[PDB]
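Data first, discussion second: the structure below is written as structure tokens.
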Amino acid sequence: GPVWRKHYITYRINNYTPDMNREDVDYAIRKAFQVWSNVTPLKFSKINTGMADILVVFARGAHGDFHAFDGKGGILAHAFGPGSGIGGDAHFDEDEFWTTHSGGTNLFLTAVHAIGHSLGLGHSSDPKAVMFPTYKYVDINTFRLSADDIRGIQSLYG
Ligand SMILES: O=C1NC(=O)[C@@](c2ccccc2)([C@]2(c3ccccc3)NC(=O)NC2=O)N1
Ligand SMILES: [Ca+2]
Ligand SMILES: [Ca+2]
Ligand SMILES: [Ca+2]
Ligand SMILES: [Ca+2]
Ligand SMILES: [Cl-]
Ligand SMILES: [Cl-]
Ligand SMILES: [Cl-]
Ligand SMILES: [Zn+2]
Ligand SMILES: [Zn+2]
Ligand SMILES: [Zn+2]
């Protein structure tokens, strides 16, 4: 792909944004993984110790890779495709204001997109797809992947 060569994938939250209650961050990240397990045989486990496949990091500016962040706006997050070490990891720009609601940038929606990259998906050219390369705020209560996103991930895993 690269794709993960297993269906049991671990993640760990490296650090928490002070923008949100910790329980809200946990829920947003858990649900973002669940979106993808809903349409594939992938199974994600949150681990609290040891080395996870996907490390979730909040950082600002230059943060140890070739993808330095840019302050508020613009780059919200980036993620590496499947592989060892930094492979799979998902980084969120701390200069954004992360929220559960309509203010700032919505963490769950950003994480669904970032995790798609952590799984090996590229971008969609369809403006309505979750994997379109522009952030779009939508209602979480009615949230669904587009057919294009579903076809993409199932091609990789299903
Ligand atoms: O304009 C963008 N800013 C983003 O962070 C990004 C994005 C993030 C979450 C959801 C949709 C879009 C994007 C990005 C980041 C840096 C430069 C360009 C795009 N980060 C990413 O993982 N895919 C992207 O398209 N697109
Ligand atoms: Ca499943
Ligand atoms: Ca990793
Ligand atoms: Ca930014
Ligand atoms: Ca912040
Ligand atoms: Cl922390
Ligand atoms: Cl599952
Ligand atoms: Cl778990
Ligand atoms: Zn980048
Ligand atoms: Zn990074
Ligand atoms: Zn993207």
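Residues in the structure tokens are named by chain (A, B, ... in the order shown) and by number from 1 within that chain; ligands are numbered from 1 in the order shown.
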
Considering only C-alpha atoms and all ligand atoms, tabulate each residue of chain A that lies at most 12 Å from ligand 7 along with its nearest interatomic pair and the corresponding distance in Å to one decimal; arrange the rows by chain and ascending residue number and present them as a tab-separated table.
residue	atom	partner	partner_atom_place_in_ligand_line	distance
A:7	CA	ligand 7	1 (Cl)	9.4
A:8	CA	ligand 7	1 (Cl)	8.7
A:9	CA	ligand 7	1 (Cl)	9.9
A:10	CA	ligand 7	1 (Cl)	11.4
A:30	CA	ligand 7	1 (Cl)	10.7
A:31	CA	ligand 7	1 (Cl)	10.9
A:32	CA	ligand 7	1 (Cl)	12.0
A:33	CA	ligand 7	1 (Cl)	8.9
A:34	CA	ligand 7	1 (Cl)	6.9
A:35	CA	ligand 7	1 (Cl)	9.7
A:36	CA	ligand 7	1 (Cl)	9.0
A:37	CA	ligand 7	1 (Cl)	5.4
A:38	CA	ligand 7	1 (Cl)	7.4
A:39	CA	ligand 7	1 (Cl)	9.8
A:40	CA	ligand 7	1 (Cl)	8.8
A:41	CA	ligand 7	1 (Cl)	7.3
A:42	CA	ligand 7	1 (Cl)	6.4
A:43	CA	ligand 7	1 (Cl)	4.0
A:44	CA	ligand 7	1 (Cl)	6.1
A:45	CA	ligand 7	1 (Cl)	8.3
A:46	CA	ligand 7	1 (Cl)	11.4

Q | Near-ligand residues for ligand 1, threshold 10 Å, only C-alpha atoms and all ligand atoms, as a PyMOL selection string | A | chain A and resi 67-70+73-80+90-93+105-118+122-124+129-137

Q.
Set the distance at 8 Å and use only C-alpha atoms: which residues neighbour residue 16 of chain A once local chain neighbours fewer than 6 positions away are removed? I'd like the list as a ChimeraX atom specification.
A. /A:22,25,57-58

Using only C-alpha atoms, please write the residues we just selected to a file, as a PDB file, in the first residue's frame.
ATOM      1  CA  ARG A  22      -9.514  14.883  28.745  1.00  0.00           C
ATOM      2  CA  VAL A  25     -10.367  14.067  23.799  1.00  0.00           C
ATOM      3  CA  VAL A  57       0.437  13.758  19.399  1.00  0.00           C
ATOM      4  CA  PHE A  58      -0.498  17.405  19.991  1.00  0.00           C
TER       5      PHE A  58
END

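For the atom pair formed by atom 1 (Zn, counted along the ligand's line) of ligand 10 and atom CA of residue 81 of chain A, the distance is 12.2 Å, given to one decimal.
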
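In terms of minimum interatomic distance to residue 83 of chain A, A:53 ranks closest within A:26, A:19, A:139, A:53, counting only C-alpha atoms.
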
Name each residue within 6 Å of ligand 3, counting only C-alpha atoms and all ligand atoms, as a CSV table (one decimal) with N, CA and C atoms, in the first residue's frame.
chain,number,residue,atom,x,y,z
A,53,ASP,N,1.1,1.2,17.7
A,53,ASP,CA,1.2,1.4,16.2
A,53,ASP,C,1.0,2.9,15.8
A,54,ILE,N,-0.1,3.5,16.3
A,54,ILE,CA,-0.4,4.9,16.0
A,54,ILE,C,-0.3,5.7,17.2
A,55,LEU,N,0.7,6.6,17.2
A,55,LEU,CA,0.8,7.6,18.3
A,55,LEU,C,0.1,8.8,18.0
A,84,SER,N,6.6,1.2,10.4
A,84,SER,CA,7.2,1.2,11.8
A,84,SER,C,7.5,2.6,12.2
A,85,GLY,N,7.8,2.7,13.5
A,85,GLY,CA,8.3,3.9,14.1
A,85,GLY,C,7.2,5.0,13.9
A,86,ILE,N,7.6,6.2,13.3
A,86,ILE,CA,6.7,7.3,13.1
A,86,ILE,C,5.6,6.9,12.2
A,87,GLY,N,5.8,5.8,11.4
A,87,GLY,CA,4.7,5.4,10.5
A,87,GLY,C,3.4,5.2,11.3
A,88,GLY,N,2.3,5.7,10.7
A,88,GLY,CA,1.0,5.6,11.3
A,88,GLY,C,0.7,6.8,12.2
A,89,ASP,N,1.7,7.5,12.7
A,89,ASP,CA,1.4,8.5,13.7
A,89,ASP,C,0.6,9.7,13.2

Q: Identify, with DSSP run on backbone atoms, the residues in segment 19-94 of chain A assigned to strand (DSSP E or B), and express the list as a list in words.
A: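 Of segment 19-94 of chain A, the ones in strand (DSSP E or B) are residues 43, 44, 45, 46, 54, 55, 56, 57, 58, 59, 77, 78, 79, 90, 91, 92 and 93 of chain A.
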
Q | Atom pair atom 1 (Cl, counted along the ligand's line) of ligand 8 / atom CA of residue 47 of chain A: separation (Å) | A |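 Computed distance, atom 1 (Cl, counted along the ligand's line) of ligand 8 to atom CA of residue 47 of chain A, equals 6.7 Å.
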
Q) What residues have any atom no more than 10 Å from ligand 5 when counting only C-alpha atoms and all ligand atoms, and can you list them as a ChimeraX atom specification? A) /A:16-20,58-60,71-72,92-99,104-105

Mind dumping the selected residues with N, CA, C and O atoms as a PDB file, in the first residue's frame?
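Contents of again.pdb, freshly written:
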ATOM      1  N   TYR A  16      -2.089  15.406  25.895  1.00  0.00           N
ATOM      2  CA  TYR A  16      -3.408  15.990  25.698  1.00  0.00           C
ATOM      3  C   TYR A  16      -3.356  17.482  25.434  1.00  0.00           C
ATOM      4  O   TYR A  16      -2.612  18.209  26.103  1.00  0.00           O
ATOM      5  N   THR A  17      -4.194  17.935  24.514  1.00  0.00           N
ATOM      6  CA  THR A  17      -4.411  19.374  24.372  1.00  0.00           C
ATOM      7  C   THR A  17      -5.083  19.974  25.615  1.00  0.00           C
ATOM      8  O   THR A  17      -6.060  19.428  26.101  1.00  0.00           O
ATOM      9  N   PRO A  18      -4.581  21.117  26.105  1.00  0.00           N
ATOM     10  CA  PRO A  18      -5.287  21.800  27.199  1.00  0.00           C
ATOM     11  C   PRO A  18      -6.582  22.485  26.750  1.00  0.00           C
ATOM     12  O   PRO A  18      -7.304  23.028  27.597  1.00  0.00           O
ATOM     13  N   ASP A  19      -6.894  22.448  25.456  1.00  0.00           N
ATOM     14  CA  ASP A  19      -8.079  23.127  24.943  1.00  0.00           C
ATOM     15  C   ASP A  19      -9.352  22.436  25.371  1.00  0.00           C
ATOM     16  O   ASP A  19     -10.386  23.078  25.408  1.00  0.00           O
ATOM     17  N   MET A  20      -9.262  21.138  25.689  1.00  0.00           N
ATOM     18  CA  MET A  20     -10.446  20.274  25.885  1.00  0.00           C
ATOM     19  C   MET A  20     -10.332  19.500  27.185  1.00  0.00           C
ATOM     20  O   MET A  20      -9.220  19.249  27.663  1.00  0.00           O
ATOM     21  N   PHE A  58      -0.203  15.968  20.179  1.00  0.00           N
ATOM     22  CA  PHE A  58      -0.498  17.405  19.991  1.00  0.00           C
ATOM     23  C   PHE A  58       0.810  18.177  20.112  1.00  0.00           C
ATOM     24  O   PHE A  58       1.544  18.008  21.079  1.00  0.00           O
ATOM     25  N   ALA A  59       1.127  19.009  19.127  1.00  0.00           N
ATOM     26  CA  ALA A  59       2.378  19.761  19.136  1.00  0.00           C
ATOM     27  C   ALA A  59       2.212  21.029  18.331  1.00  0.00           C
ATOM     28  O   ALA A  59       1.318  21.099  17.498  1.00  0.00           O
ATOM     29  N   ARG A  60       3.065  22.028  18.550  1.00  0.00           N
ATOM     30  CA  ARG A  60       3.008  23.258  17.757  1.00  0.00           C
ATOM     31  C   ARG A  60       4.329  23.492  17.044  1.00  0.00           C
ATOM     32  O   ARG A  60       5.371  22.992  17.464  1.00  0.00           O
ATOM     33  N   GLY A  71       1.096  27.679  13.141  1.00  0.00           N
ATOM     34  CA  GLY A  71       0.241  28.564  13.934  1.00  0.00           C
ATOM     35  C   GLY A  71      -1.233  28.321  13.654  1.00  0.00           C
ATOM     36  O   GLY A  71      -1.616  27.370  12.957  1.00  0.00           O
ATOM     37  N   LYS A  72      -2.092  29.180  14.169  1.00  0.00           N
ATOM     38  CA  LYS A  72      -3.518  28.977  14.009  1.00  0.00           C
ATOM     39  C   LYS A  72      -3.951  29.043  12.540  1.00  0.00           C
ATOM     40  O   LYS A  72      -3.514  29.913  11.778  1.00  0.00           O
ATOM     41  N   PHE A  92      -1.453  16.614  15.651  1.00  0.00           N
ATOM     42  CA  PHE A  92      -2.476  17.673  15.664  1.00  0.00           C
ATOM     43  C   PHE A  92      -1.815  18.972  16.108  1.00  0.00           C
ATOM     44  O   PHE A  92      -1.062  18.980  17.092  1.00  0.00           O
ATOM     45  N   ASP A  93      -2.094  20.054  15.376  1.00  0.00           N
ATOM     46  CA  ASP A  93      -1.446  21.349  15.651  1.00  0.00           C
ATOM     47  C   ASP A  93      -2.073  21.989  16.903  1.00  0.00           C
ATOM     48  O   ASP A  93      -3.244  22.385  16.924  1.00  0.00           O
ATOM     49  N   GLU A  94      -1.261  22.106  17.946  1.00  0.00           N
ATOM     50  CA  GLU A  94      -1.715  22.702  19.199  1.00  0.00           C
ATOM     51  C   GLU A  94      -2.051  24.179  19.047  1.00  0.00           C
ATOM     52  O   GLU A  94      -2.773  24.726  19.865  1.00  0.00           O
ATOM     53  N   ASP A  95      -1.562  24.823  17.987  1.00  0.00           N
ATOM     54  CA  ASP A  95      -1.976  26.218  17.784  1.00  0.00           C
ATOM     55  C   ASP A  95      -3.415  26.367  17.299  1.00  0.00           C
ATOM     56  O   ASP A  95      -3.951  27.482  17.299  1.00  0.00           O
ATOM     57  N   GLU A  96      -4.065  25.257  16.931  1.00  0.00           N
ATOM     58  CA  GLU A  96      -5.502  25.286  16.741  1.00  0.00           C
ATOM     59  C   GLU A  96      -6.215  25.269  18.100  1.00  0.00           C
ATOM     60  O   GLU A  96      -5.619  24.887  19.112  1.00  0.00           O
ATOM     61  N   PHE A  97      -7.477  25.708  18.106  1.00  0.00           N
ATOM     62  CA  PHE A  97      -8.345  25.593  19.269  1.00  0.00           C
ATOM     63  C   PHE A  97      -9.261  24.386  19.057  1.00  0.00           C
ATOM     64  O   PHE A  97     -10.224  24.476  18.325  1.00  0.00           O
ATOM     65  N   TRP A  98      -8.912  23.266  19.686  1.00  0.00           N
ATOM     66  CA  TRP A  98      -9.632  21.997  19.491  1.00  0.00           C
ATOM     67  C   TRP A  98     -10.892  21.993  20.316  1.00  0.00           C
ATOM     68  O   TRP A  98     -10.878  22.393  21.479  1.00  0.00           O
ATOM     69  N   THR A  99     -12.003  21.583  19.701  1.00  0.00           N
ATOM     70  CA  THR A  99     -13.275  21.528  20.430  1.00  0.00           C
ATOM     71  C   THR A  99     -14.126  20.317  20.045  1.00  0.00           C
ATOM     72  O   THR A  99     -13.819  19.591  19.093  1.00  0.00           O
ATOM     73  N   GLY A 104     -13.612  26.917  17.100  1.00  0.00           N
ATOM     74  CA  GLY A 104     -12.297  26.371  16.791  1.00  0.00           C
ATOM     75  C   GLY A 104     -12.338  25.320  15.687  1.00  0.00           C
ATOM     76  O   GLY A 104     -13.039  25.491  14.671  1.00  0.00           O
ATOM     77  N   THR A 105     -11.583  24.238  15.894  1.00  0.00           N
ATOM     78  CA  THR A 105     -11.512  23.131  14.956  1.00  0.00           C
ATOM     79  C   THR A 105     -12.012  21.903  15.676  1.00  0.00           C
ATOM     80  O   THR A 105     -11.589  21.613  16.800  1.00  0.00           O
TER      81      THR A 105
END

**Q.** Contacts of residue 138 of chain A within 9 Å, only C-alpha atoms, excl. fewer than 3 positions in-chain, as a list in words
**A.**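 Here the qualifying residues turn out to be residues 102, 109, 141, 142 and 143 of chain A.
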
(Q) Please extract the residues of segment 35-150 of chain A with a backbone DSSP assignment of alpha helix (DSSP H) and present them as a list in words. (A)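 In segment 35-150 of chain A, DSSP puts these residues in alpha helix (DSSP H): residues 35, 36, 37, 107, 108, 109, 110, 111, 112, 113, 114, 115, 116, 117, 118, 147, 148, 149 and 150 of chain A.
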
Q.
Calculated over only C-alpha atoms and all ligand atoms, which of the candidates A:146, A:48, A:154, A:125 has the smallest distance to ligand 2?
A. A:154

Q.
Please report the interatomic distance between atom CA of residue 82 of chain A and atom CA of residue 100 of chain A in Å with one decimal.
A. 27.3 Å

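Checking A:144, A:23, A:156, A:103 one by one against residue 119 of chain A, counting only C-alpha atoms, you find the shortest gap at A:156.
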
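With only C-alpha atoms and all ligand atoms as the atoms that count, the residue of A:145, A:51, A:153, A:62 with the shortest distance to ligand 4 is A:62.
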